[PDB]
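Take a look at this single chain, the form deposited in one PDB entry, given in structure tokens.
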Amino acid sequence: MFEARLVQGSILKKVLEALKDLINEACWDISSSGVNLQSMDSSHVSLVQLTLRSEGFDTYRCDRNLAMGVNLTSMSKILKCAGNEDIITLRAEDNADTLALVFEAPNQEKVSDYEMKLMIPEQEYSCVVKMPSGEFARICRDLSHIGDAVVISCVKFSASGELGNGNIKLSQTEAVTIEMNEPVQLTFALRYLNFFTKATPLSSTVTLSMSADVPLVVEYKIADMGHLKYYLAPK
């Protein structure tokens, strides 16, 4: 038996919209701590780590931990059948082959149920930039529109392409701040970087963490109670 009632169903909708194409199949590990997802991306250079505690859920009961392997396409399509304010309930018995999503609007005149078929060392980063997700999303999108690879420098994004080159210099003072502990100049791909930007509504600002030969980390923080981190292998 297991229940998880979340009033802000739009949060779940957008977090599973972010992982729509990053991973094909993944499992929703659940314990007394909460819902954790450590997923190996379809591409072999990236990793996904979503963490949510058990405090924000209105109800939570995990007698036995369940992997909850769900095809993200199917469950994302099911979640698309819920409104922004639709309260979303995740349910799965310890011996249940199907996962239930109960959508109940706050006005309570409507209730629906769906059933779907169930089937990195820690290291402090030398530099980290906390800047709005919109800014980095626009930079990555435009620099992928100009080229295929972008190098980040201590901030500067420089994209190299067959047609030409681009170089953008940022400033610090929705704010942008850098620890400027070390200088870096490291290249990265754009397709996975572009995929890592569908989580713009998922959080306000992203903290891009980089250092000397440490994998790139993007972080989108839920307003509370959880967060999400995408790891990308540097080129």
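Numbers follow the displayed sequence, beginning with 1.
Q. Would you class the number of unmodelled deposited residues between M119 and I120 as none, 1 to 3, 4 to 9, or 10 or more?
A. Missing residues, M119 to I120: 4 to 9.
(Q) Can you count the deposited residues that have no coordinates between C154 and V155 and report it as none, 1 to 3, 4 to 9, or 10 or more? (A) The entry leaves 4 to 9 residues without coordinates here.
Beyond what is shown, the protein has a form deposited with a partner chain bound; the following relates to that form.
(Q) Residue-level contact is defined here as any heavy atom of the residue lying within 4.5 Å of the partner chain in the deposited bound form; does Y231 satisfy this criterion? (A) Close contact exists here: in the deposited bound form, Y231 approaches the partner chain to within 4.5 Å, heavy atoms only.
Q) Does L208 make contact with the partner chain in the deposited bound form, using a 4.5 Å heavy atom cut-off? A) Outside the cut-off, so no.
Q) Though only this chain appears here, would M40 touch the partner chain in the deposited bound form if you measure heavy atom gaps against 4.5 Å? A) Because a heavy atom of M40 falls inside 4.5 Å of the partner chain in the deposited bound form, the answer is yes.
Q. Heavy atoms within 4.5 Å of the partner chain in the deposited bound form: does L47 have any?
A. Contact with the partner chain, yes.
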